[PDB]
Each structure stands twice: as C-alpha cells, then as structure tokens.
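The structure appears right after this line, and notes come after that.
Here Cβ is always computed from backbone atoms with ideal geometry, including for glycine, and neighbour counts include all displayed protein chains. Just so you know, all these numbers are worked out from the coordinates, no wet-lab data involved.
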Amino acid sequence: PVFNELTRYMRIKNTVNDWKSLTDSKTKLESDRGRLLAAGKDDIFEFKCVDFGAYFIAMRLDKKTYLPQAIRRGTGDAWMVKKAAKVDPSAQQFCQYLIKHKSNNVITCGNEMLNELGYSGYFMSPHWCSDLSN
Amino acid sequence: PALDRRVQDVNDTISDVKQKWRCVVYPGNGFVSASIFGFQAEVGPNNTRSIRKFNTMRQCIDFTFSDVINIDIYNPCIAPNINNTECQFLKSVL
C-alpha cells in the first residue's frame, strides 16, 4: 500500500487550481494596468512592430481584455522575427508583412496562452509577456 | 517556448544581415528589393536581367516576403555588364 495517494493527488489538483488562480489574478492585474496604460493613446489597439532586441513582434492591446496580444506563428507562440544585428531592416519589413497578411492568427498573454500552449508567458523572463510586465 | 516550425521563416537561419532581402527606394524609379546578392530582377528584353522596380513600398514588401524563393537576381557588381553606379547604390543601401 502506497501511503499518501489520495492526499497527494488532492494537493496536485489543488496545485493546478492554484496555478490557474495565480494566472487569472495576474491576468486581471495586467488587464487593469492595460486600462490605465492605454488611456490617452491611439493605435494602442493597432498592431505595431516592436523591437525586443533579438527579434521583432507584431503586437497590440486587446480592445476587450486590454492584455498584450501578438500575431501568432502557426500553432505555437507569437511570431518572433529573429534579428541578425541591432539594425535589421529586413526583419522589420517582414514583421510589417505579418501585420498586413497574417494578423487573423493572434495569441494573448495570460489565460488564453495558458489554455493554448500550457503556459501564461507571465513570470518567465525572457518571454515577451514578462518583458512587457517589466 | 512553443515554436510551430511548420511555418517557414527565412530569418530563423540567416546569420548574415546583408544576406537578407529588404525594400529600399530607388530614387527616380520607385522601389527595389536588395541584398548582397544584388537586386531582384525581372526578365528584361533579350532574356536578360533588369532590376525589378515597384511603384509602391507595399508592393515591394509583398513581392519580397510572399512565398517562393525569388530566384531571378540581377547583380551589378560582378555581372560582365557591371554598372558601377547601380553597384554603389546597392552597397550604400545595405
């Protein structure tokens, strides 16, 4: 007989619940910060190519949740256009191309990213959601 | 970090920034896509290569970043018809 099967399974299911509650509370905090940040800015809800140093991301704020969302690459995470130098006009233009042609596939930091990919992007530097919350 | 590799991205593998294609104004004659290999070209009379000129920046980007490997290339620096001005324009824009 294995000694704490039930009490460990319950701590694990409660662990998963606590992961999801931490994710949701972080989502809520970031959403409210989004509302306070967005105030007085145009094209905050429009995709823009943002330089994260080693790559570009096409991103914006959601109009509803107010969370950061980016153009998604296939079935994975946000499309990160890799740069090969501090100045990479080609990567920047490709990111503009993504905006004009691939913007129907989008991924949002927080709960949605947890559902779609199994992680929230939050509290996991250098992920782009963490860099935004920093 | 989840990466859907089914979707192709040239930027994944190109370490040399000058190997990347980028759209630049060709003063007088519109826009062109350029890299160290030269300019993207169209088959100009005599089945030769002439620099592909675009009316707008967006047509250039769309053409450059579309799907195919963009095989037709005109290089003015090493062609037997070297164009030293069009070659200097090339290396100035890179």
Unmet requirement for A:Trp79, which otherwise passes all of (1) within 14 Å of another protein chain (Cβ to nearest Cβ); (2) in contact with an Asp or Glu (Cβ under 7 Å, 6 or more places away or on another chain):
(2)
When you check B:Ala34 against the structure, is it among the hydrophobic types (A, V, I, L, M, F, W, C), touching an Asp or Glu at 6+ places or on another chain (Cβ under 6 Å) and surrounded by 16 or more Cβ atoms within 10 Å (Cβ to Cβ), yes or no?
no
Scope region A:82-110; condition facing chain B (nearest Cβ under 9 Å), farther than 14 Å from B:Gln8 by Cβ and among the hydrophobic types (A, V, I, L, M, F, W, C); matching residues:
A:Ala84, A:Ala85, A:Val87, A:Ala91
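Of the residues B:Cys60, B:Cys23, B:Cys87, which single one is more than 9 Å from chain A (Cβ to nearest Cβ) and either under 10 Å from the mean Cα position of the chain (by Cα) or farther than 22 Å from A:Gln96 by Cα (or both)?
On the way: B:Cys60 fails: more than 9 Å from chain A (Cβ to nearest Cβ); B:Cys23 fails: more than 9 Å from chain A (Cβ to nearest Cβ).
Every option except B:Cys87 fails the conditions.
Just a yes or no: is a residue in region A:42-62 basic (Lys, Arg) and not in a strand (DSSP E or B)? Can you show your working first?
Keep residues of region A:42-62 that are basic (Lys, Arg), which gives A:48, A:60.
Those left that are additionally not in a strand (DSSP E or B): none.
Scanning region A:42-62 turns up no residue that is basic (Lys, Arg) and not in a strand (DSSP E or B).
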Subset of region B:63-84 (residues that are within 14 Å of chain A (Cβ to nearest Cβ) and surrounded by 18 or more Cβ atoms within 10 Å (Cβ to Cβ)):
B:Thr64, B:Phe65
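Would you check which residues across region A:79-101 are within 18 Å of B:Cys60 (Cβ to Cβ) and either exposed (fewer than 15 other Cβ atoms within 10 Å of the Cβ) or among the charged types (D, E, K, R) (or both) and list them?
Quick first cut of region A:79-101, residues within 18 Å of B:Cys60 (Cβ to Cβ) only: A:81, A:88-101.
Selection gives A:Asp88, A:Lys100, A:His101.
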For the subset of region B:1-19 comprising residues that are in a loop (DSSP other than H, G, I, E, B) and in contact with a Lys or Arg (Cβ under 7 Å, 6 or more places away or on another chain), which member is farthest from B:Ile69 (Cα to Cα)?
B:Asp4
Identify, please: which residue in region A:46-88 is touching a helix residue (DSSP H, G or I) at 6+ places or on another chain (Cβ under 7 Å) and among the hydroxyl-bearing types (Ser, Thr, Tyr) and is, among those, nearest to A:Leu36 (Cα to Cα)?
A:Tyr66
